[PDB]
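Here we start with a single chain on its own, the form deposited in one PDB entry, put down as structure tokens.
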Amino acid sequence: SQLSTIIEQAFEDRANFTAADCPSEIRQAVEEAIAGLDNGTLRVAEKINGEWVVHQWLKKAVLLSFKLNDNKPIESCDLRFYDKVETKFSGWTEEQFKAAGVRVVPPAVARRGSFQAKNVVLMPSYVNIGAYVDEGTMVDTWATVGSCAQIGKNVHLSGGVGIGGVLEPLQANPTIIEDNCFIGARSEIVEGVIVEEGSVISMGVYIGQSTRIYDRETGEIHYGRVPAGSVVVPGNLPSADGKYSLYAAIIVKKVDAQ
């Protein structure tokens, strides 16, 4: 609340600071908020009484962190980069890596301001700022955890899986993968879609806000949400004339914990 209030008020008067002219009270709080997102003590969105709630002042902190830091050079011995977001693990000691319990397989990179819990294995992949990856989740090769995405415990994002980042609109739920979910390879969950815990997404399943998700047992079509324990494979739905088919996600069976 005391830190939260300084962030929100700084965001209201944000057309008055640059990376050069900004009072150090505001830099300290934004730096304080990024640090909290980075070690998981803060999170962009959490589940309160079964509903995911977005904490906008942390999205505002992330935006302010862009406003107040210019691009600086980032140097590999022969490769160079240029960005305003530090990488998460730069300058980390060996004692720090051991303590976090996260395996960062080269060339994996996470942005500072994202959280990975103990026993997360980052294969070559990318985790963007504001994301939270919970204990025991495997991020496989060339997978992407987008900004502010919330990934549950013991989640498997198979290779080439993209979890779409949602930063703006400030009122928007980020993309959420709940506990014990398997996302098959080359799949893409974007635009704030929620996959409820225990689901099994086959390979090649693309789910956005416009993506129709057909329940082949009920015939009902819902959007933006994969119900818990769904087994979702890619398919198509025919048109009225049967001259073409449009893409759809098909729920083919349902399974509780046991």
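Here the rigid core means the biggest group of C-alpha atoms that line up within 1.5 Å when the two forms are laid on top of each other. Only residues modelled in both forms are compared. Residue numbers here begin at 1 and follow the sequence given.
Below, we turn to the form deposited in another entry, even though it does not appear here.
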### Task
Answer yes if the Cα of residue 90 shifts by 2 angstroms or more between this form and the one not shown on a rigid-core superposition, and no otherwise.
no
### Task
Return yes or no for residue 219: a CA shift of at least 2 Å between this form and the one not shown, with the rigid core superposed?
no
### Query
Once you compare with this form, do the C-alpha atoms of residue 137 and residue 54 lie closer or farther in the other entry, given a change of 3 Å or more?
farther
### Distance trend in the other entry - C-alpha atoms of residue 69 and residue 93, change of 3 Å or more
farther
### Task
Rigid core superposed, please list the runs of 3+ consecutive shared residues whose C-alphas all move by 2 Å or more between this form and the one not shown.
1-76
